[PDB]
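Peer 1: Following this line is entry-v4.txt, made up of compact mmCIF, C-alpha atoms:
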# COMPACT_ATOMS: atom_id res chain seq x y z
CA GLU A 1 -65.54 -58.75 80.55
CA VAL A 2 -65.56 -59.41 76.80
CA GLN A 3 -67.61 -62.50 75.93
CA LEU A 4 -69.36 -63.59 72.74
CA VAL A 5 -71.08 -66.89 73.52
CA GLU A 6 -72.87 -68.68 70.70
CA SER A 7 -75.67 -71.22 70.33
CA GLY A 8 -78.11 -72.74 67.87
CA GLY A 9 -75.94 -75.34 66.16
CA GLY A 10 -77.06 -78.85 65.39
CA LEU A 11 -77.67 -81.48 62.74
CA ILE A 12 -80.31 -80.64 60.12
CA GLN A 13 -81.36 -82.12 56.81
CA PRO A 14 -80.09 -80.54 53.57
CA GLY A 15 -83.04 -78.32 52.79
CA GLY A 16 -84.03 -77.71 56.41
CA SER A 17 -84.01 -74.60 58.57
CA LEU A 18 -82.42 -73.64 61.88
CA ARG A 19 -81.67 -70.55 63.98
CA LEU A 20 -78.53 -69.20 65.68
CA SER A 21 -77.85 -66.90 68.61
CA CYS A 22 -74.84 -64.89 69.83
CA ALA A 23 -75.16 -63.54 73.36
CA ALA A 24 -72.81 -60.58 73.81
CA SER A 25 -71.26 -59.25 77.00
CA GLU A 26 -70.71 -55.62 78.14
CA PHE A 27 -71.38 -54.02 74.71
CA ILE A 28 -74.52 -53.43 72.66
CA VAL A 29 -75.43 -55.69 69.72
CA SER A 30 -77.84 -53.25 68.12
CA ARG A 31 -75.47 -50.25 68.27
CA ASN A 32 -72.03 -51.78 67.51
CA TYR A 33 -70.69 -53.23 64.24
CA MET A 34 -70.42 -57.03 64.16
CA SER A 35 -70.32 -59.89 61.67
CA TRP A 36 -71.16 -63.55 61.15
CA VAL A 37 -68.17 -65.56 59.89
CA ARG A 38 -67.77 -69.25 59.06
CA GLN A 39 -64.89 -71.71 59.12
CA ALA A 40 -64.94 -75.07 57.33
CA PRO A 41 -62.00 -77.49 56.92
CA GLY A 42 -60.26 -77.46 53.55
CA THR A 43 -61.66 -74.02 52.80
CA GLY A 44 -60.40 -70.82 54.38
CA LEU A 45 -62.09 -68.66 56.97
CA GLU A 46 -65.02 -67.01 55.20
CA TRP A 47 -67.07 -63.88 55.81
CA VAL A 48 -70.82 -64.48 55.59
CA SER A 49 -72.62 -61.36 56.82
CA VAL A 50 -72.07 -58.05 58.61
CA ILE A 51 -74.55 -55.87 60.52
CA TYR A 52 -74.36 -52.17 61.41
CA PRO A 53 -75.85 -49.87 64.07
CA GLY A 54 -79.43 -50.08 62.84
CA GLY A 55 -77.95 -49.90 59.37
CA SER A 56 -78.09 -52.63 56.78
CA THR A 57 -77.53 -56.36 56.52
CA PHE A 58 -74.71 -57.28 54.16
CA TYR A 59 -74.38 -60.85 52.93
CA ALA A 60 -71.96 -62.88 50.90
CA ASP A 61 -72.89 -63.38 47.26
CA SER A 62 -72.95 -67.16 47.78
CA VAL A 63 -75.48 -67.06 50.65
CA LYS A 64 -77.44 -63.98 49.51
CA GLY A 65 -81.15 -64.67 49.71
CA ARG A 66 -80.69 -67.82 51.79
CA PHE A 67 -79.50 -66.68 55.21
CA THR A 68 -81.22 -63.90 57.08
CA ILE A 69 -80.22 -61.89 60.13
CA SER A 70 -82.75 -60.43 62.57
CA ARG A 71 -81.20 -59.06 65.73
CA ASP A 72 -83.61 -59.20 68.66
CA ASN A 73 -83.49 -56.19 70.98
CA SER A 74 -84.49 -57.54 74.37
CA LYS A 75 -80.92 -58.33 75.38
CA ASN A 76 -77.41 -58.42 73.91
CA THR A 77 -78.17 -61.17 71.39
CA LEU A 78 -77.54 -61.55 67.67
CA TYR A 79 -79.38 -64.16 65.61
CA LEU A 80 -79.20 -65.68 62.13
CA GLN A 81 -81.95 -67.80 60.61
CA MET A 82 -80.62 -70.40 58.17
CA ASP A 83 -82.98 -71.61 55.46
CA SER A 84 -82.30 -73.74 52.35
CA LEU A 85 -78.97 -75.03 53.62
CA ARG A 86 -76.81 -76.54 50.88
CA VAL A 87 -74.45 -79.50 51.19
CA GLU A 88 -71.32 -77.32 51.51
CA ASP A 89 -72.59 -75.52 54.63
CA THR A 90 -70.85 -77.67 57.25
CA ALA A 91 -68.97 -75.03 59.25
CA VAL A 92 -68.45 -73.48 62.63
CA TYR A 93 -70.12 -70.07 62.79
CA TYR A 94 -68.57 -67.22 64.76
CA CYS A 95 -69.95 -63.86 65.84
CA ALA A 96 -67.13 -61.33 65.56
CA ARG A 97 -67.17 -57.69 66.58
CA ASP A 98 -65.76 -55.36 63.90
CA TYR A 99 -64.23 -51.88 63.66
CA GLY A 100 -66.90 -50.79 61.21
CA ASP A 101 -66.17 -52.74 58.02
CA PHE A 102 -62.39 -52.84 58.29
CA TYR A 103 -61.17 -55.63 60.55
CA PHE A 104 -62.39 -58.23 63.05
CA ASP A 105 -61.62 -56.88 66.52
CA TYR A 106 -63.04 -59.70 68.66
CA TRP A 107 -64.40 -63.19 68.15
CA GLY A 108 -66.63 -65.77 69.80
CA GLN A 109 -66.15 -69.47 70.43
CA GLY A 110 -68.36 -70.50 67.51
CA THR A 111 -71.14 -73.03 67.21
CA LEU A 112 -70.57 -75.74 64.64
CA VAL A 113 -73.29 -76.85 62.22
CA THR A 114 -73.00 -80.12 60.31
CA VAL A 115 -75.51 -80.81 57.51
CA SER A 116 -75.58 -84.28 55.95
CA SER A 117 -77.83 -87.18 54.98
CA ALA A 118 -77.24 -89.15 58.18
CA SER A 119 -78.12 -89.13 61.87
CA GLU B 1 -61.00 -59.64 44.78
CA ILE B 2 -57.64 -60.22 46.45
CA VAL B 3 -57.11 -63.98 46.50
CA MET B 4 -54.61 -64.70 49.24
CA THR B 5 -51.56 -66.96 48.99
CA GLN B 6 -49.11 -67.96 51.72
CA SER B 7 -45.78 -69.06 50.30
CA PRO B 8 -44.38 -70.70 53.52
CA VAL B 9 -47.44 -72.89 54.03
CA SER B 10 -45.79 -75.18 56.62
CA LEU B 11 -42.71 -74.24 58.65
CA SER B 12 -41.08 -76.30 61.43
CA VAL B 13 -38.72 -74.04 63.39
CA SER B 14 -36.48 -74.58 66.47
CA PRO B 15 -37.61 -73.08 69.84
CA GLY B 16 -36.35 -69.56 69.16
CA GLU B 17 -34.83 -68.84 65.79
CA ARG B 18 -36.55 -65.58 64.62
CA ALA B 19 -38.74 -67.34 62.08
CA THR B 20 -40.00 -65.61 58.92
CA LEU B 21 -43.52 -65.94 57.49
CA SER B 22 -44.89 -64.16 54.44
CA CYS B 23 -47.74 -63.67 52.02
CA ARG B 24 -48.28 -61.90 48.72
CA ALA B 25 -51.32 -59.80 47.82
CA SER B 26 -52.53 -60.44 44.27
CA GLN B 27 -53.65 -56.82 43.92
CA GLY B 28 -52.05 -53.55 44.99
CA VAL B 29 -52.74 -52.42 48.55
CA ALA B 30 -50.49 -49.81 50.16
CA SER B 31 -50.21 -51.14 53.71
CA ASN B 32 -53.74 -52.50 54.09
CA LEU B 33 -52.91 -55.70 55.93
CA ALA B 34 -53.71 -57.27 59.29
CA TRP B 35 -52.07 -60.41 60.69
CA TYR B 36 -54.14 -62.99 62.59
CA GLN B 37 -53.29 -65.96 64.82
CA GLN B 38 -55.71 -68.86 65.27
CA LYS B 39 -54.73 -71.33 67.98
CA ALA B 40 -55.88 -74.95 68.29
CA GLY B 41 -59.63 -74.79 68.93
CA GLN B 42 -59.45 -71.17 70.09
CA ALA B 43 -60.51 -67.70 68.99
CA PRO B 44 -58.31 -66.28 66.18
CA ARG B 45 -56.72 -63.16 67.63
CA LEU B 46 -55.43 -60.25 65.62
CA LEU B 47 -51.69 -59.76 65.82
CA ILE B 48 -50.85 -56.78 63.59
CA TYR B 49 -53.13 -54.08 62.16
CA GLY B 50 -52.19 -51.69 59.37
CA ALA B 51 -49.16 -53.96 58.66
CA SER B 52 -47.00 -51.90 61.04
CA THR B 53 -48.79 -51.54 64.41
CA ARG B 54 -49.17 -54.00 67.30
CA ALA B 55 -52.74 -53.68 68.55
CA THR B 56 -53.13 -54.58 72.25
CA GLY B 57 -50.69 -56.70 74.25
CA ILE B 58 -48.94 -57.84 71.05
CA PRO B 59 -45.25 -58.00 72.02
CA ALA B 60 -42.09 -56.65 70.42
CA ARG B 61 -41.43 -60.17 69.11
CA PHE B 62 -43.80 -59.50 66.20
CA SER B 63 -42.10 -57.19 63.69
CA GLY B 64 -44.40 -57.72 60.74
CA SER B 65 -44.17 -55.24 57.89
CA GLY B 66 -44.33 -55.20 54.12
CA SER B 67 -46.21 -53.40 51.38
CA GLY B 68 -47.72 -53.57 47.93
CA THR B 69 -47.14 -57.15 46.88
CA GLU B 70 -44.94 -58.67 49.61
CA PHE B 71 -45.74 -58.89 53.33
CA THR B 72 -43.61 -60.48 56.05
CA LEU B 73 -44.20 -61.34 59.70
CA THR B 74 -41.18 -61.86 61.95
CA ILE B 75 -41.51 -63.97 65.10
CA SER B 76 -38.57 -63.59 67.46
CA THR B 77 -38.15 -66.00 70.38
CA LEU B 78 -40.86 -68.63 69.74
CA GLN B 79 -42.61 -69.91 72.81
CA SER B 80 -44.44 -73.20 72.26
CA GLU B 81 -47.80 -71.36 72.42
CA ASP B 82 -47.00 -69.72 69.07
CA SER B 83 -47.45 -73.07 67.27
CA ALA B 84 -50.56 -71.86 65.51
CA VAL B 85 -52.16 -70.69 62.25
CA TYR B 86 -51.04 -67.34 60.85
CA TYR B 87 -53.45 -65.46 58.57
CA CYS B 88 -53.01 -62.23 56.64
CA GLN B 89 -56.03 -60.19 55.56
CA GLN B 90 -56.47 -57.07 53.46
CA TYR B 91 -58.60 -54.00 54.25
CA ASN B 92 -59.23 -52.61 50.78
CA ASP B 93 -61.39 -54.97 48.70
CA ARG B 94 -64.93 -55.97 49.46
CA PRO B 95 -65.43 -58.97 49.87
CA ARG B 96 -62.72 -59.52 52.50
CA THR B 97 -60.58 -62.60 51.92
CA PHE B 98 -58.41 -64.07 54.66
CA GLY B 99 -55.07 -65.78 54.23
CA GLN B 100 -54.82 -69.52 53.68
CA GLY B 101 -53.07 -70.04 57.02
CA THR B 102 -49.44 -70.60 57.99
CA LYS B 103 -49.02 -73.69 60.17
CA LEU B 104 -46.16 -72.96 62.57
CA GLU B 105 -44.98 -75.57 65.05
CA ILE B 106 -41.99 -75.99 67.35
CA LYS B 107 -39.96 -79.19 67.04
CA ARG B 108 -39.62 -81.21 70.24
CA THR B 109 -37.66 -84.25 71.40
CA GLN C 498 -51.60 -42.60 47.40
CA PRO C 499 -50.84 -41.60 43.79
CA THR C 500 -50.07 -45.22 42.81
CA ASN C 501 -53.09 -47.25 44.00
CA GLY C 502 -56.03 -48.61 42.01
CA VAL C 503 -58.38 -46.63 39.80
CA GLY C 504 -61.45 -46.50 42.03
CA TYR C 505 -59.19 -46.05 45.07
CA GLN C 506 -58.10 -42.60 43.96
CA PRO C 507 -59.83 -39.38 45.07
CA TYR C 508 -63.03 -38.71 43.14
CA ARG C 509 -64.58 -35.27 43.50
CA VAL C 510 -68.39 -35.42 43.61
CA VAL C 511 -70.74 -32.47 43.17
CA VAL C 512 -74.43 -33.27 43.54
CA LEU C 513 -76.93 -30.80 42.13
CA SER C 514 -80.37 -30.81 43.72
CA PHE C 515 -83.33 -28.94 42.27
CA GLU C 516 -86.37 -27.49 44.01
CA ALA C 522 -88.64 -19.99 39.95
CA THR C 523 -85.44 -17.98 39.60
CA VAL C 524 -82.91 -20.35 37.97
CA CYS C 525 -83.53 -21.66 34.46
CA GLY C 526 -81.44 -22.67 31.50
CA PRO C 527 -80.52 -20.13 28.83
CA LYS C 528 -82.85 -19.15 26.02
CA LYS C 529 -81.40 -19.19 22.52
CA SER C 530 -82.16 -16.08 20.47
CA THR C 531 -82.09 -16.55 16.74
CA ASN C 532 -82.14 -13.32 14.67
CA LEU C 533 -84.63 -10.60 13.80
CA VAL C 534 -85.66 -10.60 10.16
CA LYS C 535 -87.73 -7.59 9.23
CA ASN C 536 -90.00 -6.92 6.25
CA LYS C 537 -91.02 -10.59 6.00
CA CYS C 538 -93.99 -12.56 7.27
CA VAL C 539 -92.39 -14.49 10.12
CA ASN C 540 -93.49 -16.46 13.18
CA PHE C 541 -92.04 -14.65 16.16
CA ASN C 542 -91.55 -15.28 19.87
CA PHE C 543 -90.41 -12.08 21.60
CA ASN C 544 -89.72 -12.89 25.27
CA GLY C 545 -92.64 -15.27 25.53
CA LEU C 546 -94.95 -13.05 23.48
CA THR C 547 -95.77 -15.24 20.51
For the structure just supplied, provide its representation as structure tokens.
Peer 2:
Amino acid sequence: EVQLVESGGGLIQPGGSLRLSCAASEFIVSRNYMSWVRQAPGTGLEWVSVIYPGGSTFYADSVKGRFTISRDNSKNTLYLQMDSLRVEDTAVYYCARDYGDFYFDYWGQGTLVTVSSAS
Amino acid sequence: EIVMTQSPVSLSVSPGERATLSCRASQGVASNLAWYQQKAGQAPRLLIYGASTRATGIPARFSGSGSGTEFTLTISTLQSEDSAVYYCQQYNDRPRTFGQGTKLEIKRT
Amino acid sequence: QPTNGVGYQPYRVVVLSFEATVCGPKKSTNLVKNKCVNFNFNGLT
């Protein structure tokens, strides 16, 4: 059973903060290689961050300093705290298991975040 | 970085015609390419890895190859579930840039 | 492959790590006799 089920999306103000989660199935978050990816319409599919076994957190140069990743080792979950969200950050976020830093082996279903000045 | 470009950006093909999709890589990679398929509101599967190998359950319909500066995916018999978005992605350059997507659909009555 | 990019080519790397039995060479000038000189013979100044 390969499942990567995601949560934490929702509407926030531009300049607000939120928090994501990716519950994994049958493999270990803290010991495997996975990545946070985004997809927005009009733009292509975009790599945001990647996280190693223990290892290091690697970010995109656009979001460097703004997003942070702190995997929580109580269960097979992977988080991302989003602070200082800009206007262009309306996207669906996917947790995707990698083969190191080569290629995306598996994907989730994604949770979609929309940031705007509305309600 | 390698900025991707798909030349056949939209291709409407009969139900089974051995359709041809392609991309070019703006830098020089030997065979560092993987082909991806994103379906409508679904998880984008890999199709081809290393530009010559079919990963897991990828049929003999997909005969994608190519090198250097020209890469080509061949789809053979075209079920209606192949009407999807075809990406091509390099292995060599950090940061990794995906393809722009090839929108393939099957014409109906 | 012999035709790929410049940093994608094999680079040989030797890393030298230091920790007293290995030093650099000592340059020996010349001995001038019958003159008042300022000598350093093997550390004896």
Peer 1: To one decimal place in Å, what is the distance between CA of residue 102 in chain B and CA of residue 33 in chain B?
Peer 2: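 Separation between CA of residue 102 in chain B and CA of residue 33 in chain B: 15.4 Å.
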Peer 1: For chain B against chain C, with a cut-off of 12 Å and counting all atoms listed in the file, what is the closest atom pair and its distance in Å to one decimal for every residue that makes the cut, ordered by chain and number, as JSON lines?
Peer 2:
{"residue": "B:27", "atom": "CA", "partner": "C:502", "partner_atom": "CA", "distance": 8.8}
{"residue": "B:28", "atom": "CA", "partner": "C:501", "partner_atom": "CA", "distance": 6.5}
{"residue": "B:29", "atom": "CA", "partner": "C:501", "partner_atom": "CA", "distance": 6.9}
{"residue": "B:30", "atom": "CA", "partner": "C:501", "partner_atom": "CA", "distance": 7.2}
{"residue": "B:31", "atom": "CA", "partner": "C:498", "partner_atom": "CA", "distance": 10.7}
{"residue": "B:32", "atom": "CA", "partner": "C:501", "partner_atom": "CA", "distance": 11.4}
{"residue": "B:67", "atom": "CA", "partner": "C:501", "partner_atom": "CA", "distance": 11.8}
{"residue": "B:68", "atom": "CA", "partner": "C:501", "partner_atom": "CA", "distance": 9.2}
{"residue": "B:69", "atom": "CA", "partner": "C:501", "partner_atom": "CA", "distance": 11.9}
{"residue": "B:92", "atom": "CA", "partner": "C:505", "partner_atom": "CA", "distance": 8.7}
{"residue": "B:93", "atom": "CA", "partner": "C:505", "partner_atom": "CA", "distance": 9.9}
Peer 1: In Å, with one decimal, what is the gap from CA of residue 504 in chain C to CA of residue 94 in chain B?
Peer 2: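 Value for the CA of residue 504 in chain C-CA of residue 94 in chain B distance: 12.5 Å.
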Peer 1: Set out as a tab-separated table a contact list for chain A and chain B with a cut-off of 8 Å, giving each residue of chain A that qualifies its closest atom pair and distance in Å to one decimal, counting only C-alpha atoms, ordered by chain and rising residue number.
Peer 2:
residue	atom	partner	partner_atom	distance
A:44	CA	B:100	CA	5.8
A:45	CA	B:98	CA	6.3
A:46	CA	B:97	CA	7.1
A:47	CA	B:96	CA	7.0
A:60	CA	B:95	CA	7.7
A:102	CA	B:91	CA	5.7
A:103	CA	B:91	CA	7.0
A:104	CA	B:46	CA	7.7
A:105	CA	B:46	CA	7.1
A:106	CA	B:45	CA	7.3
A:107	CA	B:43	CA	6.0
A:108	CA	B:43	CA	6.5
A:109	CA	B:43	CA	6.1
Peer 1: Can you sort out the box for range 22-31 of chain A, edges along x, y and z, all listed atoms in, 5 Å on every side, with centre and edge lengths in Å to one decimal, as lines of an AutoDock Vina configuration file?
Peer 2:
center_x = -74.3
center_y = -57.6
center_z = 73.1
size_x = 17.1
size_y = 24.6
size_z = 20.0
Peer 1: Show which residues sit within 10 Å of residue 38 in chain A, as JSON, numbers by chain. Count all atoms listed in the file, and ignore same-chain residues fewer than 6 positions away.
Peer 2: {"A": [44, 45, 46, 47, 48, 49, 89, 90, 91, 92, 93, 94, 95, 110, 111, 112, 113]}
Peer 1: Filtering to C-alpha atoms, could you give me those residues as a PDB file, in the frame of the given file?
Peer 2:
ATOM      1  CA  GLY A  44     -60.400 -70.820  54.380  1.00  0.00           C
ATOM      2  CA  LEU A  45     -62.090 -68.660  56.970  1.00  0.00           C
ATOM      3  CA  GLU A  46     -65.020 -67.010  55.200  1.00  0.00           C
ATOM      4  CA  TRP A  47     -67.070 -63.880  55.810  1.00  0.00           C
ATOM      5  CA  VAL A  48     -70.820 -64.480  55.590  1.00  0.00           C
ATOM      6  CA  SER A  49     -72.620 -61.360  56.820  1.00  0.00           C
ATOM      7  CA  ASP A  89     -72.590 -75.520  54.630  1.00  0.00           C
ATOM      8  CA  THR A  90     -70.850 -77.670  57.250  1.00  0.00           C
ATOM      9  CA  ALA A  91     -68.970 -75.030  59.250  1.00  0.00           C
ATOM     10  CA  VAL A  92     -68.450 -73.480  62.630  1.00  0.00           C
ATOM     11  CA  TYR A  93     -70.120 -70.070  62.790  1.00  0.00           C
ATOM     12  CA  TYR A  94     -68.570 -67.220  64.760  1.00  0.00           C
ATOM     13  CA  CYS A  95     -69.950 -63.860  65.840  1.00  0.00           C
ATOM     14  CA  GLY A 110     -68.360 -70.500  67.510  1.00  0.00           C
ATOM     15  CA  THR A 111     -71.140 -73.030  67.210  1.00  0.00           C
ATOM     16  CA  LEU A 112     -70.570 -75.740  64.640  1.00  0.00           C
ATOM     17  CA  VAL A 113     -73.290 -76.850  62.220  1.00  0.00           C
TER      18      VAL A 113
END
Peer 1: Mind checking which residues fall within 6 Å of range 78-83 of chain A, counting all atoms listed in the file, ignoring those fewer than 2 positions away in the same chain, and posting them as a PyMOL selection string?
Peer 2: chain A and resi 17-22+66-71+85
Peer 1: May I ask for the distance between CA of residue 507 in chain C and CA of residue 2 in chain B, given in Å to one decimal place?
Peer 2: 21.0 Å
Peer 1: Please provide as a JSON list (two decimals) with C-alpha atoms, in the coordinates of the input all residues within 12 Å of range 538-545 of chain C, with the sequence filter that same-chain residues fewer than 5 positions apart are discarded (counting only C-alpha atoms).
Peer 2:
[["chain", "number", "residue", "atom", "x", "y", "z"],
["C", 528, "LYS", "CA", -82.85, -19.15, 26.02],
["C", 529, "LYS", "CA", -81.40, -19.19, 22.52],
["C", 530, "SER", "CA", -82.16, -16.08, 20.47],
["C", 531, "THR", "CA", -82.09, -16.55, 16.74],
["C", 532, "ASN", "CA", -82.14, -13.32, 14.67],
["C", 533, "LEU", "CA", -84.63, -10.60, 13.80]]
Peer 1: I want to know what sits within 7 Å of residue 33 in chain A, based on only C-alpha atoms, with residues of the same chain fewer than 5 positions away left out; could you give that as a PyMOL selection string?
Peer 2: chain A and resi 51-53+97-100
Peer 1: Taking (-46.4, -61.9, 59.2) as a centre in this file's frame and 7 Å as the limit, can you find every polymer residue with an atom that close, using all atoms listed in the file, and give them as a count of residues only?
Peer 2: 8
Peer 1: Complete range 59-70 of chain A at the level of N, CA, C and O atoms, written as a PDB file, in the frame of the given file.
Peer 2:
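Output contents, as saved in selection.pdb:
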ATOM      1  N   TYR A  59     -74.560 -59.418  53.039  1.00  0.00           N
ATOM      2  CA  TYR A  59     -74.380 -60.850  52.930  1.00  0.00           C
ATOM      3  C   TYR A  59     -73.278 -61.155  51.936  1.00  0.00           C
ATOM      4  O   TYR A  59     -72.867 -60.294  51.152  1.00  0.00           O
ATOM      5  N   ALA A  60     -72.804 -62.394  51.971  1.00  0.00           N
ATOM      6  CA  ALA A  60     -71.960 -62.880  50.900  1.00  0.00           C
ATOM      7  C   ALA A  60     -72.811 -63.150  49.667  1.00  0.00           C
ATOM      8  O   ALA A  60     -74.023 -63.350  49.757  1.00  0.00           O
ATOM      9  N   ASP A  61     -72.161 -63.150  48.501  1.00  0.00           N
ATOM     10  CA  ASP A  61     -72.890 -63.380  47.260  1.00  0.00           C
ATOM     11  C   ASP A  61     -73.302 -64.844  47.116  1.00  0.00           C
ATOM     12  O   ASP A  61     -74.260 -65.151  46.399  1.00  0.00           O
ATOM     13  N   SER A  62     -72.593 -65.749  47.786  1.00  0.00           N
ATOM     14  CA  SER A  62     -72.950 -67.160  47.780  1.00  0.00           C
ATOM     15  C   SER A  62     -74.207 -67.449  48.589  1.00  0.00           C
ATOM     16  O   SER A  62     -75.033 -68.261  48.156  1.00  0.00           O
ATOM     17  N   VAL A  63     -74.369 -66.800  49.743  1.00  0.00           N
ATOM     18  CA  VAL A  63     -75.480 -67.060  50.650  1.00  0.00           C
ATOM     19  C   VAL A  63     -76.551 -65.989  50.586  1.00  0.00           C
ATOM     20  O   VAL A  63     -77.456 -65.986  51.436  1.00  0.00           O
ATOM     21  N   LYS A  64     -76.484 -65.080  49.610  1.00  0.00           N
ATOM     22  CA  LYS A  64     -77.440 -63.980  49.510  1.00  0.00           C
ATOM     23  C   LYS A  64     -78.820 -64.505  49.134  1.00  0.00           C
ATOM     24  O   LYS A  64     -78.972 -65.230  48.147  1.00  0.00           O
ATOM     25  N   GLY A  65     -79.825 -64.128  49.916  1.00  0.00           N
ATOM     26  CA  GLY A  65     -81.150 -64.670  49.710  1.00  0.00           C
ATOM     27  C   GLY A  65     -81.457 -65.852  50.610  1.00  0.00           C
ATOM     28  O   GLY A  65     -82.619 -66.066  50.974  1.00  0.00           O
ATOM     29  N   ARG A  66     -80.438 -66.635  50.976  1.00  0.00           N
ATOM     30  CA  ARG A  66     -80.690 -67.820  51.790  1.00  0.00           C
ATOM     31  C   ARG A  66     -80.652 -67.515  53.286  1.00  0.00           C
ATOM     32  O   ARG A  66     -81.651 -67.737  53.981  1.00  0.00           O
ATOM     33  N   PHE A  67     -79.524 -67.017  53.795  1.00  0.00           N
ATOM     34  CA  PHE A  67     -79.500 -66.680  55.210  1.00  0.00           C
ATOM     35  C   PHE A  67     -80.240 -65.369  55.441  1.00  0.00           C
ATOM     36  O   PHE A  67     -80.345 -64.514  54.560  1.00  0.00           O
ATOM     37  N   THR A  68     -80.740 -65.208  56.665  1.00  0.00           N
ATOM     38  CA  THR A  68     -81.220 -63.900  57.080  1.00  0.00           C
ATOM     39  C   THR A  68     -80.740 -63.616  58.489  1.00  0.00           C
ATOM     40  O   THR A  68     -80.447 -64.536  59.255  1.00  0.00           O
ATOM     41  N   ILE A  69     -80.620 -62.336  58.808  1.00  0.00           N
ATOM     42  CA  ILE A  69     -80.220 -61.890  60.130  1.00  0.00           C
ATOM     43  C   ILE A  69     -81.295 -60.964  60.682  1.00  0.00           C
ATOM     44  O   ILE A  69     -81.764 -60.050  59.991  1.00  0.00           O
ATOM     45  N   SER A  70     -81.735 -61.247  61.903  1.00  0.00           N
ATOM     46  CA  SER A  70     -82.750 -60.430  62.570  1.00  0.00           C
ATOM     47  C   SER A  70     -82.306 -60.353  64.032  1.00  0.00           C
ATOM     48  O   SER A  70     -82.585 -61.254  64.826  1.00  0.00           O
TER      49      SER A  70
END
